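These protein sequence lines map, in sequence, to chains B and A.
In the authors' numbering, each residue's number is its place in the first sequence (first place is 1) plus 15.
Mapping of the second sequence onto the authors' numbering: residues 32 to 60, 105 to 174, in sequence order.
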Amino acid sequence: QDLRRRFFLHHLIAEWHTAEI
Amino acid sequence: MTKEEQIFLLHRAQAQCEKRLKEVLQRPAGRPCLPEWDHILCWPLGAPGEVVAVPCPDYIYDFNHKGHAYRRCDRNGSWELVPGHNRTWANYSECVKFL
Ligand SMILES: [Zn+2]
Numbered sequence: 016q017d018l019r020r021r022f023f024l025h026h027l028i029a030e031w032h033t034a035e036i
Numbered sequence: 032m033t034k035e036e037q038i039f040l041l042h043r044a045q046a047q048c049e050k051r052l053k054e055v056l057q058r059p060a105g106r107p108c109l110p111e112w113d114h115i116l117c118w119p120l121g122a123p124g125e126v127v128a129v130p131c132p133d134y135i136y137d138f139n140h141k142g143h144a145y146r147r148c149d150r151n152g153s154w155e156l157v158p159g160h161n162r163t164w165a166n167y168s169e170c171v172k173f174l
């Protein structure tokens, strides 16, 4: 789960951080 | 921290957000931005017309816990959308390294 935890956060941040800026 | 452990803390932080939202509705005043849960953290009451800054939540392992996430609360009391899109504006660039 070393990269599984980080890649899960990729999804949260991708659709979280809505400032395309 | 494992993936499933991180998901459990998110569910815990989501439960405390529902409490803070159910309580602020029980004690209303003015027209501020209401608490929201955006699947990451719980945005608090926002002063109308100002940028709202929240510390990067310490229950996220991959976050820089010394930075801040930011939202925009307009003078109408609603969280500002992204210009040109139907999504609430939020800047998490201080929390993560890949932004
Ligand atoms: Zn994926």
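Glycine included, each C-beta is placed from N, C-alpha and C at the ideal position.
Exercise. If you follow the beta strand (DSSP E) that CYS148 (chain A) is part of, which residue opens it and which one closes it?
Worked result: Counting along the chain, the beta strand (DSSP E) containing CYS148 (chain A) begins and ends at 143-148.
Problem set entry | Alpha carbon of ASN139 (chain A) to alpha carbon of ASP113 (chain A), nearest angstrom | So the two alpha carbons sit approximately 18 Å from each other.
Exercise. Is the CB-CB distance between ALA144 (chain A) and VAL129 (chain A) below 9 Å?
Worked result: yes
For this session: Measure the C-alpha to C-alpha separation of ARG146 (chain A) and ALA44 (chain A) and round it to an integer number of angstroms.
Result: 19 Å
For this session: Taking 9 Å as the cut-off, decide whether the C-beta atoms of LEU18 (chain B) and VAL171 (chain A) are in contact.
Result: No, the pair does not count as a contact, with Cβ atoms beyond the cut-off.
Exercise. Excluding the five sequence neighbours on either side, which residues of its own chain have a C-beta within less than 6 Å of the C-beta of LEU52 (chain A), listed in chain order?
Worked result: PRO110
Problem set entry | Neighbourhood of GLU49 (chain A) by C-beta, 8 Å cutoff - its chain only, sequence neighbours within 5 removed | Within the same chain, and ignoring the five residues on either side of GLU49 (chain A) in sequence, the residues whose Cβ sits closer than 8 Å to its Cβ are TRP112.
Problem set entry | C-alpha gap between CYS131 (chain A) and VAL55 (chain A), whole angstroms | Here the alpha carbons of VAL55 (chain A) and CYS131 (chain A) stand approximately 22 Å from one another.
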